[PDB]
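**Q** Protein chains in written order, with the entry's author numbering: chain A, 2 to 227; chain A', 2 to 227. A prime marks a further copy of an entry chain.
Virtual Cβ for every residue (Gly too), placed ideally from N, Cα, C.
Starting off with a structure, shown below.
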Ligand SMILES: [Cl-]
Ligand SMILES: [Cl-]
């Protein structure tokens with residue numbers, strides 16, 4: 002059975018995780034894990050309560066690891082236990098993946114050094130200090146690393162992983178069973194297509210978080226430099 | 002504060018719920034509820050464990066009610082307590098909404114009689130016996146009723162509700178903050194675009210469920226006829 006694991010941490014952006022989880026859990030001969038320091042309740046940034054199913058120590062070797070983003074990424078970038086777990090699993094995983102600011106966690110773990118990668122538009126400047134080659138594209142592949150932008154990035158890349166783990170017909174069947182054919186009613190999902198006034202509002206609202214994450218990123222980079 | 006409620010039931014398709022939940026919870030001056038017979042754990046069809054936050058009796062009057070779909074819809078179509086709750090809230094709600102097979106629950110509650118509506122493609126034949134005018138479109142509005150197809154229908158219609166509860170700039174800001182710009186890697190999300198061989202596989206896999214739901218639908222229709 003293919004072993005797929007998601008890191009589930011306090012203040013996760015739950016949709017980053019729950020989207021790909023429901024797609025991948027629809028496949029035959031998969032087992033999906035929600036991983037934290039111990040099994041039990043973990044609260045997402047919205048207040049939604051989720052349950053982790055396994056600890057770091059008990060998690061099986063994973064074929065796919067996925068790091069979601071969220072407010073809680075800042076703490077995870079300086080959590081040595083979590084970073085060590087991610088490094089251990091990434092060494093043998095067939096696919097190392099992240100959604101949105103989850104790639105900053107991969108960066109803090111040292112897994113983006115010399116690699117092409119993306120992250121959420123408001124935090125994109127933090128990739129270069131973590132050793133990455135920053136790329137402004139929605140899904141960026143480099144070897145076995147996939148990084149994606151947007152809260153639903155993992156839904157789309159989960160279909161790619163289904164096609165490569167199984168075959169294209171299986172991915173198409175899952176897409177049809179879920180009737181997945183999005184059609185957003187607005188076109189403001191990128192800073193290049195949203196109105197300038199909306200981009201300004203969004204940037205202002207992210208400014209305090211960006212400032213705090215600049216500080217965290219520099220400390221994380223210092224650890225990689227040692 | 003705008004009061005938004007999702008029905009959370011055993012064997013729900015969790016993404017039907019968790020998608021719109023994370024979008025709507027991003028708005029100012031909203032409160033989001035996860036409603037079941039009592040607060041506590043509810044298991045989705047994938048095994049993901051979610052927590053209901055309020056009971057039917059304690060739920061405040063809702064401005065928006067949303068019924069997700071999933072395997073568990075069949076039981077809900079014959080749950081008199083749940084159907085009565087939905088009818089009570091729908092009487093005063095500004096928006097009555099559903100995702101995928103959640104519209105079959107609205108149908109069983111009597112709320113689609115004479116109304117245009119859609120549902121999941123494999124179960125679309127069950128709308129007419131529940132009194133609906135079946136429509137093959139992804140989002141169907143009739144008055145204050147919105148029904149949508151696809152596992153992520155609620156993400157898209159949540160942006161429409163944001164624009165109508167607040168304004169277009171607020172909806173655009175949420176879209177940009179979430180960097181929401183989907184781009185599926187396959188085009189098999191409708192029976193009209195998927196390969197015929199894939200449609201056959203999907204229809205065969207749904208056949209037992211459709212048969213069982215034909216029986217449930219006829220009993221639900223008999224109750225409406227009384
Ligand atoms: Cl997206
Ligand atoms: Cl969809």
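1) List the endpoints of the continuous alpha helix (DSSP H) containing residue 86 of chain A.
2) What does residue 122 of chain A touch in chain A' if you count any residue whose Cβ is under 9 angstroms from its own?
3) Run down chain A' in chain order and give the residues with a C-beta less than 7 angstroms from the C-beta of residue 157 of chain A.
4) Is it buried or exposed, residue 198 of chain A, if we count other Cβ atoms within 10 angstroms and call 16 or more buried?
5) Roughly how many whole angstroms lie between the Cα atoms of residue 195 of chain A' and residue 138 of chain A?
6) Using a beta-carbon distance below 9 angstroms, is residue 152 of chain A' in contact with chain A?
7) In chain A, which residues lie with their C-beta within 9 angstroms of the C-beta of residue 29 of chain A'?
8) Entirely within the segment 161–201 of chain A' and at least 4 residues each: give me those alpha helix (DSSP H) ranges in chain order.
9) Which of helix, strand or coil does DSSP assign to residue 8 of chain A?
10) Could you tell me which chain A residues have their CB closer than 8 angstroms to the CB of residue 47 of chain A', listed as they occur along the chain?
11) With 9 angstroms set as the bound, which would you pick, yes or no: does the beta-carbon of residue 67 of chain A sit closer than that to a beta-carbon of chain A'?
12) Quick check on residue 66 of chain A: does DSSP put it in helix, strand or coil?
13) Where do the ends of the beta strand (DSSP E) carrying residue 244 of chain A' lie?
14) Assess contact between the segment 13–30 of chain A and the segment 158–173 of chain A, defined as three or more Cβ pairs (one per stretch) separated by less than 8 angstroms. Is contact present?
15) Can you tell me whether residue 62 of chain A' is buried or exposed, with buried defined as 16 or more other CB within 10 angstroms of its CB?
16) Within a Cβ cutoff of 7 angstroms, which residues of the same chain sit near residue 217 of chain A, ignoring the five residues on either side of it in sequence?
17) Does the Cβ of residue 180 of chain A lie closer than 8 angstroms to at least one heavy atom of ligand 2?
18) At the level of alpha carbons, what is the spacing between residue 96 of chain A and residue 176 of chain A?
19) Rank A'/99, A'/172 and A'/181 by C-alpha distance to the C-alpha of residue 163 of chain A' and give the top, closest one.
20) Along the chain, where does the beta strand (DSSP E) containing residue 15 of chain A start, and where does it finish?
21) Let me know if residue 223 of chain A' comes out buried or exposed under the rule of 16 or more other beta-carbons within 10 Å of its beta-carbon.
22) Compute the beta-carbon to beta-carbon distance between residue 115 of chain A and residue 132 of chain A, rounded to the nearest angstrom, for a pair I have assumed lies under 8 angstroms.
**A** On the basis of the data shown:
1) Your numbering for residue 86 of chain A matches position 85 in the first chain. If you look at residue 86 of chain A, you'll find it in the alpha helix (DSSP H) that goes 81–93.
2) Here the question's residue 122 of chain A lines up with position 121 in the first chain. What residue 122 of chain A touches in chain A': 177 and 180.
3) Position 156 of the first chain, counted from the start, is the residue given in the question as residue 157 of chain A. Ordered by position in chain A', the residues that pass the 7 angstroms Cβ test against residue 157 of chain A are 183, 184, 185 and 186.
4) Counting from one through the first chain, the residue named residue 198 of chain A turns up at place 197. Residue 198 of chain A should be labelled exposed.
5) Position 194 of the second chain, counting from 1, holds the residue named residue 195 of chain A'. Position 137 of the first chain, counting from 1, holds the residue named residue 138 of chain A. Taking the straight line from one Cα to the other gives about 27 angstroms.
6) By 1-based counting over the second chain, the position of residue 152 of chain A' is 151. Residue 152 of chain A' counts as touching chain A.
7) Here residue 29 of chain A' is taken as the residue at index 28 of the second chain, counted from 1. Against chain A, a Cβ distance below 9 angstroms from residue 29 of chain A' picks out nothing, because the smallest value is about 11 angstroms.
8) 169–178
9) Within the first chain, numbered from 1, the residue matching residue 8 of chain A stands at position 7. It is a strand residue.
10) Locating residue 47 of chain A' in the second chain gives position 46, counting from the first residue. What residue 47 of chain A' touches in chain A: 22, 23, 26, 27 and 33.
11) Within the first chain, numbered from 1, the residue matching residue 67 of chain A stands at position 66. Output row for residue 67 of chain A: interface = no.
12) Locating residue 66 of chain A in the first chain gives position 65, counting from the first residue. Three-state result, residue 66 of chain A: strand.
13) With chain A' covering only 2 through 227, there is no way to say anything about residue 244 of chain A'.
14) yes
15) Stepping through the second chain from its first residue, residue 62 of chain A' is reached at position 61. It is exposed - the Cβ of residue 62 of chain A' has fewer than 16 other Cβ atoms within 10 Å.
16) Numbered from its first residue, the first chain carries residue 217 of chain A at position 216. If we look at residue 217 of chain A and ignore the five residues flanking it on each side, its Cβ neighbours are 75, 78 and 79.
17) Sequence index remark: in the first chain, residue 180 of chain A carries index 179 (1-based). Yes, Cβ of residue 180 of chain A sits closer than 8 angstroms to a heavy atom of ligand 2.
18) Along the first chain, one-based indexing puts residue 96 of chain A at 95. Along the first chain, one-based indexing puts residue 176 of chain A at 175. A straight-line Cα-Cα distance of about 21 angstroms links residue 96 of chain A and residue 176 of chain A.
19) Here residue 163 of chain A' corresponds to residue number 162 of the second chain, with the count starting at 1. For the residues A'/99, A'/172 and A'/181, the minimum Cα distance to residue 163 of chain A' belongs to A'/172.
20) Residue mapping note: residue 15 of chain A aligns to position 14 of the first chain, counting from 1. Where residue 15 of chain A is concerned, there is no enclosing beta strand (DSSP E), although the alpha helix (DSSP H) it sits in stretches over 15–25.
21) Residue mapping note: residue 223 of chain A' aligns to position 222 of the second chain, counting from 1. A residue is called buried when at least 16 other Cβ atoms come within 10 angstroms of its Cβ; residue 223 of chain A' does not meet this threshold and is exposed.
22) As a first step, residue 115 of chain A is located in the first chain; it is residue number 114 there, counting from the start. As a first step, residue 132 of chain A is located in the first chain; it is residue number 131 there, counting from the start. With 8 angstroms as the limit, residue 115 of chain A and residue 132 of chain A qualify as a contact, their Cβ atoms being about 6 angstroms apart.
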